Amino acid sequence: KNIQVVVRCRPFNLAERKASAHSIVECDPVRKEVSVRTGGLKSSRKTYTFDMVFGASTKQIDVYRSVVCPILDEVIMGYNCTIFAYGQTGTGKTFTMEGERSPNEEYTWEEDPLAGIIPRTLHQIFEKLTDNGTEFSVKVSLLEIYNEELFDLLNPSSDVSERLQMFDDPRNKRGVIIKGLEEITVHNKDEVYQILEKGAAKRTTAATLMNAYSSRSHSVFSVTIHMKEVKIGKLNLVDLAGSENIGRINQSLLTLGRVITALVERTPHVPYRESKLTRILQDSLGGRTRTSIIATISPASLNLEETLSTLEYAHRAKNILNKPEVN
């Protein structure tokens, strides 16, 4: 199975209106195409084909149903799966993965239309497996990488500033062990909320200590499911550092790009080992994990170069061949 790649374009924001930008992106969900006007105010265009394309009016629940549900079914069959969010800062990586609370409304978080992939997925795991006849346990962890240092965001009994260490898994060699990373047992929906709420608070604190934390950090959220025979499924959701930090500094972003390139061009040495991120997610790039990428872009003319760079990177990635296998 090739890595599945989809593109999500967000609506114009106000900064873009204030810069007097115009729209240079057209999404065609039916043909699964996105075309970008490369000229200026018609003049030339590039068209890319992806596995799916979501336009500016795409709702959170549409992304979840079309992209994540099929993947969650594989996880429950006992596969490992990974979804990346990739793209320029401000294009919707975090909105897609986590979402938001609807403002002047109350919804419970379980029913809030702005909820993203993670809340929905966690809600549905308990929902599906309870109805199934059950016999399952769920644990979650959240690690962030900033300037090639690992932080555990979910450990309540720990300062956010304490970094973790990693070493290779003796008996895996294609995965690593992260010393001290808390894998927290989640007993139900309500506990999910309080656990991740503390995580959000620690993030806030980390941002006061580190420059441009939210745009330069990589976030890896993992949920592991044990089911009584299924048996063991794992889902990794990765919110990557803003893609403008490279293009055409951030060692993990850099190496991820080289790993993609090496895999597509079939070069002999794939440099997994040159960054924390690619060491952690090695099995997701050319391994036995089923992987999807969500590439987020801006519609606006002033982001032309970053949008093209994102679409080129995403387009190449879908040539990577994975070979999924159940745990």
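Throughout, we count residues from 1 along the sequence that is shown. Take the two forms, superpose them, and find the largest set of C-alpha atoms that agree within 1.5 Å; that set is the rigid core.
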Core-aligned Cα RMS comparison in 7 other deposited structures of this protein - stretch that moves more, 182 to 190 or 111 to 119: 111 to 119
Between stretches 56 to 64 and 290 to 298, more displaced by Cα RMS in 7 other deposited structures of this protein (rigid core superposition): 56 to 64
Is residue 247 left out in a third or more of the other entries? yes
Does the comparison with other PDB entries of this protein show residue 41 lacking coordinates in a third or more of them, where both adjacent residues are built? yes
I'd like the number of residues from the deposited sequence that lie between residue 41 and residue 42 yet are not in the model, binned as none, 1 to 3, 4 to 9, or 10 or more. 1 to 3
Per the entry, how many deposited residues between residue 229 and residue 230 lack coordinates? The answer is 4 to 9
Mean Cα B-factor check, 127 to 135 vs 235 to 243, entry values; winner is 127 to 135
Could you check the entry and say whether 78 to 86 or 201 to 209 has the higher mean CA B-factor? 201 to 209
Residue set 169, 98, 110, 144, per-entry CA B-factor max assigned to 169
Given 59, 258, 276, 269, the residue at which the Cα B factor reaches its maximum: 269
Looking at the temperature factor on the CA atom of residue 195, which third of the chain's modelled residues does it land in? middle
Check where residue 45 lands among this chain's C-alpha B-factors and tell me if it's the lowest, middle or highest third. highest
Where does residue 295 sit by CA temperature factor within its chain: lowest, middle or highest third? lowest
Going by the CA temperature factor in the PDB record, which third of the chain does residue 51 belong to: lowest, middle or highest? lowest
What third of the chain, by the recorded C-alpha B-factor, contains residue 65? lowest
